[PDB]
Amino acid sequence: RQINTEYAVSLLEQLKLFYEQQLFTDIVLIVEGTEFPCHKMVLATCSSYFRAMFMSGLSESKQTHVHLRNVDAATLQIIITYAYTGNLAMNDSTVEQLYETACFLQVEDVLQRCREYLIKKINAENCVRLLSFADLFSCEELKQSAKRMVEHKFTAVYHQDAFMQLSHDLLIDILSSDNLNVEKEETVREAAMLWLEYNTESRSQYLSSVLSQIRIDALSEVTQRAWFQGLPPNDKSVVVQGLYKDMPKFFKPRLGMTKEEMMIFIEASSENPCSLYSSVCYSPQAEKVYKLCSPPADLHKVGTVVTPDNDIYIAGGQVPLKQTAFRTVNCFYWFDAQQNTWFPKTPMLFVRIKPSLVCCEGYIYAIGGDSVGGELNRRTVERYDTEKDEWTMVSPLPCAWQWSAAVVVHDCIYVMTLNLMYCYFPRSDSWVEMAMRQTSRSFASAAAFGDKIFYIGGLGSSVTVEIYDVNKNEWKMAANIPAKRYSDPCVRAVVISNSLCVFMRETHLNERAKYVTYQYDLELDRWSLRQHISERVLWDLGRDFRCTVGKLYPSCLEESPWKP
Amino acid sequence: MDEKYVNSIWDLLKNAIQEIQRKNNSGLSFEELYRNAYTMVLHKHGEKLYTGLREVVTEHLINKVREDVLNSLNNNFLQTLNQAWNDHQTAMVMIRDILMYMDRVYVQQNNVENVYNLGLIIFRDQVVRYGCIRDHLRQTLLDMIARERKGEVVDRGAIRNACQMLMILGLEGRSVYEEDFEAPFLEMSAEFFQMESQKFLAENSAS
């Protein structure tokens, strides 16, 4: 059964005219002295409370005047206009009271809308606040999303003031969870200690429970006499209690200490011919190849960046339009390090193909990437805000470059092309001319190690290496990588284990590709054989694959089943 | 907060519920008291109001309608039954709507039945399915339907009201009403019409 939409919108707009022109008002909402002349039945179309207020037979049913309390005038007015005309102007501030009043009036649709907005809005500075809000109001889906995101960014920050004012059950659920992301198990210990010492003896009864969730490796060492110092005087029911209490609860390592420096690969050669490409990863320590989730909607021709906070982002790319068929989309995604899935984020303003994603000062910079515009400013460089979840344009690059790479050194953006280089100064939003290379090479990658830029390879590629020093502002040659002759090595500049290594795949004539990595000696200017990748674990990846530095959990990921 | 505050809140809520059960529902201010009951299910106990509602409803039913039905089992039995039923049903309507919009998060998290369903279930358990009311109602309905089938006319709208009441009491479909009404009436009809056929095969012919 379909519905006519023309008279539908005519209905809705004439209803709007009646809301603005006060005519059919038998019931009025009296809120803090503010008159709200409205209907009982549009309030029906919105809310599921007034059915108790009107269709009941109570004193309020007959009362043509109702004194609605514990509500806000602005929230009530916006809910009323949401019922009457259909414009839910949701900002970034009044969503809290909007959800409060939606739960008050039990309005399902606006509840879902604001829940979706809060799911989109979850970030660092409001993670604990939103988790407390979802604990106050039962919002289980938002509660779980909070719990996860809060766990991550709280283990990251653990310094927000809203953490001190939290319920005991929420803290027990957070600390006892196996999803915490911490390099050590001592930071959660001191976080719990400072939470307990934040208040008076009201935390004493919760101390017998918070320690029951932490491992016993810290329940006999230091931070036991510190509580004794803070113990209430002459209390002999706690010191002796804790003396003989830490026998049970099965000491076990957490999951956050399972991050290893791994080489994340994208757009690898798909094992099954049914799919175009796939994503894999190499383990320099485990010597295995763990599989990764496919790019969102098989997003090909994308770029990767990993922030110092160890977060993976994807920008740009093209999707095959619904034989050659591909359309470029400016969608943006974020990778979940535990759930093994790509969470969508705020898309860009312009579509990109192979964009150079660089992180600096918490901002994600996408330089170039074959924009759709092609106007006089054919660079379309734009940064991303990780706290406001929005994109802001930056100073354009003076010269248009193609197939370029960019790195970050000394809090500055260093984008490199065939022969030119320009440094971006984020504090003043300007570009300054840099040193000029003496060799014309392209289709290469660079890795930022310390205060130097290492442009490895260029044109297949070659073994040419030009080292640039930021403090010296000069390009100098060091050596050439010793590789087998009559081959086409695929060089990949990368930084791992506080050293400059290379991921070079070489292919001989009438032979399969061979994987081997080398360690470049910074002081000796020589590439040393660090490890040889056996072909029994790693298969062919292709040519348009990218590599990046990052840490991943082997427990959450699964080993890729594939024959050697 | 402190135990004294919640104790006073519960005491006044119980007083209001008792006043409502004494035929003083429409004329009773309830907004603030219901906000207080919400604070109750919000503070620690997440089913305090729901439990208190069930206890108050079952106590009121046992005190009022259980005694009334047993006191008038022979004088306008079914009539007084229906009257008490309609009173209980409007009590539902009012109390229903309020605690039913509360059974919104109670079916999202608690996944329990709504207060309308709770009231129907408790009424079924305490009145219709009583150890003495059920058999008495069955016997009287069988007697009146047999007397109607004998040839003389009796009241017929009351039987429709009773069957509709039982159908609403089913609350899920035709599970309780079908069994409870049909099965004894099925047996009675089978026996009566078997006797009728036995009489007819001897008192008449195939013409």
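Just so you know, the numbers here start at 1 and follow the chain as drawn.
When the header is checked for method, it gives electron microscopy, 7.5 Å.
Cβ atoms here come from the backbone N, Cα and C positions, even for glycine.
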Candidate annotated as phosphoserine in Swiss-Prot, where the set is A:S283, A:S294: A:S294
Reduced DSSP assignment, A:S294 (phosphoserine): coil
Neighbourhood of A:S294 (phosphoserine) by C-beta distance under 8 A, where only residues 6 or more apart in the same chain count: A:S275, A:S278, A:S279
For the repeat 'Kelch 3' (A:413-451), distant same-chain residues with Cβ under 8 A (at least six beyond the ends): 356, 358, 360-361, 363, 365, 367-368, 394-395, 397-399, 401-407, 457-459, 461-462, 464, 466, 468-471, 473-475, 491-495, 499-500, 522, 547
Within the repeat 'Kelch 2' (A:363-411), residues counted as helix, strand or coil by DSSP: 0 helix, 18 strand, 31 coil
DSSP residue counts for the domain 'BACK' (A:127-223), split into helix, strand and coil: 65 helix, 0 strand, 32 coil
